Amino acid sequence: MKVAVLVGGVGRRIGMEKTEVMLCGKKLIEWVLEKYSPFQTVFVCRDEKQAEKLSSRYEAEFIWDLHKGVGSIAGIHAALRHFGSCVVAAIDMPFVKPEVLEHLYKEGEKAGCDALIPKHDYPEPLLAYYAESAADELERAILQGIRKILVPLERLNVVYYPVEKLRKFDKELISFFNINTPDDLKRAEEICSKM
Ligand SMILES: [Ca+2]
Ligand SMILES: [Ca+2]
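What counts and how
Residues numbered from 1 in each chain as written, not as in the entry; some residues may be left out. Chains lettered and ligands numbered in written order. Heavy atoms only, no water. Core = buried A, V, L, I, M, F, W, Y, C linked by side-chain atoms within 4.5 Å. Buried < 20%, exposed > 50% of the residue type's maximum accessible area, 1.4 Å probe, protein only. Helix = DSSP H or I, 4+ residues; strand = E, 2+ residues; numbered from the N terminus. Contact = heavy atoms within 4.5 Å. Salt bridge = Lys/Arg side-chain N within 4 Å of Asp/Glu carboxyl O.

- Its PDB header names X-ray crystallography as the technique used to obtain the model and reports a resolution of 2.310 Å.

## Some remarks on the nonpolar core
Thought 1: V7, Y36, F95, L127 and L166 are the most contacted members of the largest nonpolar core, which totals 44 residues.
Thought 2: Of all the secondary-structure elements, those providing two or more residues to this core are β1 (2-6), α1 (28-36), α2 (48-55), β6 (86-90), α4 (98-111), β8 (127-130) and α7 (182-194).
Thought 3: Counting residues per element, this core draws most heavily on α1, at six residues.
Thought 4: Other than its neighbours up to four places away in sequence, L166 contacts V100, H103, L104, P118, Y161, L173 and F176.
Thought 5: Core analysis: the second largest hydrophobic core is formed by 25 residues, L6, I73, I76 and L138 among them.

## Here we look at the pattern of salt bridges
Thought 1: Applying the stated criterion across every chain, the model contains 11 salt bridges.
Thought 2: Here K27 and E20 are joined by a salt bridge, their closest N and O atoms 2.8 Å apart.
Thought 3: Counted as one network, the salt bridges with shared partners bring together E20, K27 and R57.

Encoded structure:
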């Protein structure tokens, strides 16, 4: 299984790069490093500059969008151009369960679709399966200056997977918990504490 971890997120509402955020005494980048090291993983940075700073800190595969694309779409595209189909996971979700990812990848591959994205009332694109066949539409969006993943997804054959079908792998669906604002760090802390 191939995993592309999006770590180029710049913590705006938290006043510090996401990678540096301290979760239970450990940086977020070290959280995902540990969690995904067992797989065929690449960490997608916002630019080569970040890749250089992280790679001099950790022995892992750090890549970036060749044509300096910005945002999530550019990060996913970069991963697809690097090694093909994979499951994407943002660093913003430090509690993702590998079982959940494994399922998404397998189901995504067999389904024969451009992307398999978890969904309740709204989809969660940064925690889904993307096949290589989805790269062109994503790249067109990047070149057209479109930073709304929903736009290129409409031009692709997407399979929206009921988030409920994932509870068998994740009881509380904690895999979907995102850290973006002050109230999240407070909760994130309580969660990693009870663990
Ligand atoms: Ca092509
Ligand atoms: Ca939140």
